[PDB]
Amino acid sequence: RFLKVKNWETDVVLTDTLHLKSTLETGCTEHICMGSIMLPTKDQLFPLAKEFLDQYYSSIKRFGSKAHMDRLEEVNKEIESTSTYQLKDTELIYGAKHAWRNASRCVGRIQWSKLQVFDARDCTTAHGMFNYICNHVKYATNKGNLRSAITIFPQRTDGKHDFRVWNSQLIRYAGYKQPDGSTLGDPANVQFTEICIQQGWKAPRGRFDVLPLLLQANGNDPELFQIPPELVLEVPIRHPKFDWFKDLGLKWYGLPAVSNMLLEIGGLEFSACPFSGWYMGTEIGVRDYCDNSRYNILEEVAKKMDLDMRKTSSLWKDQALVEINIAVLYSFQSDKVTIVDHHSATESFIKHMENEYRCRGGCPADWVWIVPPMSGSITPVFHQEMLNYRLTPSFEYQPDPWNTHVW
Amino acid sequence: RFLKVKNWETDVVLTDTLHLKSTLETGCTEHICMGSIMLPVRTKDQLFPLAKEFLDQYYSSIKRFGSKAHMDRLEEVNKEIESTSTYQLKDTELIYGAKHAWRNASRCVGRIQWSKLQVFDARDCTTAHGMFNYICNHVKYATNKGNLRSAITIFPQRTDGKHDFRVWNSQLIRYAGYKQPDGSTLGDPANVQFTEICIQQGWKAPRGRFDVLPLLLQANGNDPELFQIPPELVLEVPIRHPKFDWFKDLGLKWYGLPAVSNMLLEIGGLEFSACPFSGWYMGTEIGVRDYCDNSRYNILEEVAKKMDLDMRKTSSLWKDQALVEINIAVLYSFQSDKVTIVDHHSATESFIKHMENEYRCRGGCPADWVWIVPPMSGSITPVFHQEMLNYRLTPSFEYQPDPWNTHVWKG
Ligand code: HEM
Ligand code: HEM
Ligand SMILES: Cc1cc(N)nc(COC[C@H](N)[C@H](C)OCc2cc(C)cc(N)n2)c1
Ligand SMILES: Cc1cc(N)nc(COC[C@H](N)[C@H](C)OCc2cc(C)cc(N)n2)c1
Ligand SMILES: C[C@H](O)[C@H](O)[C@H]1CNc2nc(N)[nH]c(=O)c2N1
Ligand SMILES: C[C@H](O)[C@H](O)[C@H]1CNc2nc(N)[nH]c(=O)c2N1
Ligand SMILES: [Zn+2]
């Protein structure tokens, strides 16, 4: 019931008690572990509200106070009357920060308390959503000195008037199937791109076309908007040693901004809550560039490097991977766009974990996601046992809206 | 129930039914996943169902399920248990059981090979000296002058828990480690405690960086005894790099034979506490873990120095650069000396083909992602992108506590 986690490099053991608060289910049972699986009414609402307000009033050292009791009373009144309730600004901010704090797959959580929260609950139309999003993009980008931010649109009501950003990230590149059989651009976004074209977007048909936003307000049919090009900061990728690297014509965007998740706070559901931070280099250099189903550039790079690609055991893939990732970091650093390398980020996370164990009694962490996709065991997180469990407030995956939307 | 796993690179989806046969626990619950936790005397009463479950699996595999031979064997085992409180496996059952414990080993990326395993039956062994002779023979057979062959040697099963056979070494071949008065370590820091035990027992330590440890062997619950493996049976590879001529001057070498000796083999409820088993290395085990863990030989700094990489900031990825070079060197050296080794690309590609085959013929393949994904270059191997289900099947290999923590010293 009280659980130990050990670091096998340092022998440090920490004791987790925070897990006993976990509410949601993991996918695992006593018979089967699903650790590597990617996707494993009134009566319901008051308990969820109470749990949340209890933790909130606890956090501000006012647990059991009249203000605590009065707010439970007020929210109770309101749920009974209106079947939902509204968060105070202070609660919305607390909840958003804690959703990030509780994100077990996020290595960047040392930063969790420094989150700029933009309250967009007064938003009513898609044009308004576009405005809020441009402002978030500009604020978070901050000319390359990136700042964490979330923009929170109105909460789900009866579920037929959902706000959604159809895009998976605020900034992403289009994907196009070719008569050729190949894929131009990002193969991850082929389907979403078709949706955009079918809804009107005139596609430039290039390798790095920033997609338009497809915004849904109040359960209405989603509409298209182009982010002002001048607010989308991009970085050309070059290498400090290989002058030929620039000729690959690679670039990436500076701002990672997840826009397809659902924020749950005290039982309320915010289906449009785009949030952004800054990149860890491997996300671009290892995954975006080298996944076989992504830009898949390993073969081209290795060739320009004159490596022996005859046998897997020459480690030509590994050599070219390291170089691509040196180039990503160097390109961002040279242009003064915030980025973190996987060594620095993971070292940060271990310090954050220790703070959380010391101050909170634990930290939910998914080792499968936290360990970087290259050089795993030379980062400290590889050797750190982690317990994964689900705490609320939380970010949750939700189905793509085009499967849900009645047009 | 059917469970699906998806490959996120290929979109190939597999359906697992094998998990229905899982009995042992995982450590996980609906409320907590313990997937990254390293570590998450039987009654007659508990033993017969375990024996029956095993014999049913065995007789099905030979297409004799429910035959007179199957029924007579159940009968024979049942009477043996009620009368002696235990039972003996037939040689065929022992072979089948040892192979299946490997097939079932969810942390093992090398399982495409599971059906090719030489089983050495050492259940007539009675003394530590006897155990030494069996282990030498295993080493020589498995080594095969560099053309490595998988093998397991199986010593007598547990009886009352007071007469256990144990190999105290964690691997048959491993290098000594010595803590110095100034707090530095000579040799392998992983083996300091065991080295101190060997010394205490009377081993004369060479006190160098790659001293092969003696065997410490316990027969029949007696105090363990020291033996030196004949040096001519211990095949080693000096490590050099194909392009960097200074790499040899780091003085590195490693042994060719990875042989785990501290695990417990469970077959049909019987417990084989000494069951050393060996295969061949995947290069990253040596190049990444043994050489580059901070807690092991920790050579990253020296290598990067000699490569003249920019070491003033981690973001030059100097560690990653040195890491790849070291792993090239390991593969190169083993290949050059004709000692079997596999790279992490080949091994993971073979594991995926193995796993798909297992899904088709067997209904599943329990696999532990945390262990199967190599410790470098994870996502450029296909296993990174493969969803896996981890569950426990028997026969199995299990962790057991180090014997110095439990042994009753006779004196
Ligand atoms: C400030 C810098 C940040 C860094 C360096 C960072 C790092 C990361 C990384 C590397 C991932 C894995 C992404 C992947 O492989 O797809 C991740 C996942 C995630 N992070 Fe962050 N993070 C940051 C900020 C944030 C912020 C501001 C939030 C929310 C307010 C957040 C919530 C999440 C969530 C929910 C996931 C899991 C996403 C999913 O399941 O797809 N992170 N983080
Ligand atoms: C034939 C070549 C083989 C290869 C390339 C191979 C590969 C591996 C590797 C890389 C590991 C993880 C090692 C670590 O990080 O500590 C491993 C684990 C394991 N393999 Fe193998 N394997 C082979 C043969 C065998 C054999 C012959 C057996 C038993 C009969 C076996 C049973 C296991 C077990 C039980 C584990 C988990 C060990 C633990 O928990 O410490 N494997 N395999
Ligand atoms: C906020 C933030 C900062 C940072 N450095 N990196 C990120 C990474 O965002 C990318 C997303 N996690 C990607 C697109 O999600 C992958 C994914 C796929 C699926 C099927 C489910 C799921 N939960 N997640 C987000
Ligand atoms: C037979 C074989 C072949 C091959 N290529 N590799 C292996 C694995 O050898 C390494 C061992 N697993 C290492 C020493 O065990 C580490 C370990 C430590 C702890 C505390 C628990 C545990 N289960 N395992 C075994
Ligand atoms: C099947 C497996 O869960 C899947 O490939 C995961 C593994 N770890 C990951 N880790 C991160 N950070 N991001 C990912 O997309 C994935 N993919
Ligand atoms: C804490 C974590 O489970 C531990 O470091 C694991 C991770 N994965 C591993 N994978 C393999 N193959 N071998 C290991 O020793 C480990 N160590
Ligand atoms: Zn689990």
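Each chain gets a letter, A, B and so on, in the order its sequence line appears, and its residues count up from 1. Order of listing sets the numbers, starting from 1, for every ligand and every atom in it.
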Identity and distance of the protein heavy atom lying nearest [atom]:
| atom | value |
| --- | --- |
| atom 29 (C) of ligand 2 | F277(B) CD1, 3.1 Å |
| atom 38 (C) of ligand 2 | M263(B) SD, 4.0 Å |
| atom 11 (C) of ligand 2 | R107(B) O, 4.2 Å |
| atom 22 (N) of ligand 2 | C108(B) SG, 3.3 Å |
| atom 2 (C) of ligand 4 | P258(B) O, 4.1 Å |
| atom 4 (C) of ligand 2 | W280(B) O, 3.5 Å |
| atom 27 (C) of ligand 2 | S278(B) O, 3.4 Å |

Output yes when the distance from some N or O of ligand 6 to some N or O of [X] is under 3.5 Å, and no in every other case.
| X | answer |
| --- | --- |
| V370(B) | yes |
| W8(A) | no |
| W367(A) | no |

Charged N-O contact under 4.0 Å between [X] and [Y]:
| X | Y | value |
| --- | --- | --- |
| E236(B) | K253(B) | yes |
| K4(A) | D16(A) | no |
| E196(B) | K179(B) | no |
| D91(B) | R123(B) | yes |

Q) So, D318(A) versus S377(B): side-chain donor-acceptor pair below 3.5 Å or not? A) yes
**Q.** Pair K90(B), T92(B): side-chain N/O donor-acceptor within cut-off below 3.5 Å
**A.** no
With a cut-off of 4.0 Å, which atoms of ligand 4 are near a heavy atom of [X]?
| X | result |
| --- | --- |
| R107(B) | 23 (N) |
| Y281(B) | 5 (N) |
| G279(B) | 1 (C) |
| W8(A) | 20 (C) |
| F277(B) | 1 (C) |
| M38(B) | 19 (C), 21 (C) |
| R174(B) | 14 (C) |

Is the distance between the ring centroids of [X] and [Y] under 6.0 Å?
| X | Y | result |
| --- | --- | --- |
| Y175(B) | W254(B) | yes |
| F277(B) | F120(B) | no |
| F384(B) | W369(B) | yes |
| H138(B) | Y134(B) | no |

Q) By number and element, which atoms of ligand 2 are closer than 4.0 Å to a non-hydrogen atom of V109(B)? A) 7 (C)
Q. What atoms in ligand 2 come closer than 4.0 Å to a heavy atom of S150(B)?
A. 1 (C)
Could you check if a side-chain atom of [X] sits within less than 4.5 angstrom of a side-chain atom of [Y], using non-hydrogen atoms only?
| X | Y | result |
| --- | --- | --- |
| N7(B) | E387(B) | no |
| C275(B) | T153(B) | no |
| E9(A) | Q384(A) | no |

Q.
Counting neighbours of OH on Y399(B) that are heavy atoms of other residues, nucleotides or ligands and sit closer than 6.0 Å, is the number greater than 12?
A. yes
Q. Which atoms of ligand 6 are found less than 4.0 Å from any heavy atom of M38(B)?
A. 4 (C)
With [atom] as the reference point, say which of [options] has the nearest heavy atom.
| atom | options | answer |
| --- | --- | --- |
| atom 9 (O) of ligand 4 | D290(B), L257(B), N191(B), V260(B) | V260(B) |
| atom 9 (C) of ligand 2 | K116(B), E285(B), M282(B) | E285(B) |
| atom 1 (C) of ligand 6 | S36(B), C108(B), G35(B) | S36(B) |
| atom 15 (O) of ligand 2 | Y281(B), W371(B), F397(B) | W371(B) |

(Q) Side chain, backbone, both or neither: which applies to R107(B) and ligand 6 if a contact is any heavy-atom pair less than 4.0 Å apart? (A) neither
Q. Would you say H31(B)'s side chain and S22(A)'s backbone share a donor-acceptor pair under 3.5 angstrom?
A. no
Q.
Using modelled atom types and a 3.5 Å cut-off, is there a donor and acceptor pairing between side-chain atoms of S336(B) and backbone atoms of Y332(B)?
A. yes
Q. Hey, is atom 19 (C) of ligand 4 touched by any protein heavy atom at less than 4.0 Å?
A. yes
Q) Considering only heavy atoms, does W371(B) approach ligand 4 within less than 4.0 Å through its side chain, its backbone, both, or neither? A) side chain
(Q) With respect to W102(B), determine whether any N or O atom, backbone or side chain, lies less than 3.5 Å from an N or O atom of ligand 2. (A) yes
Q. Is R289(B) near ligand 6, meaning one of its heavy atoms is under 4.0 Å from it?
A. yes
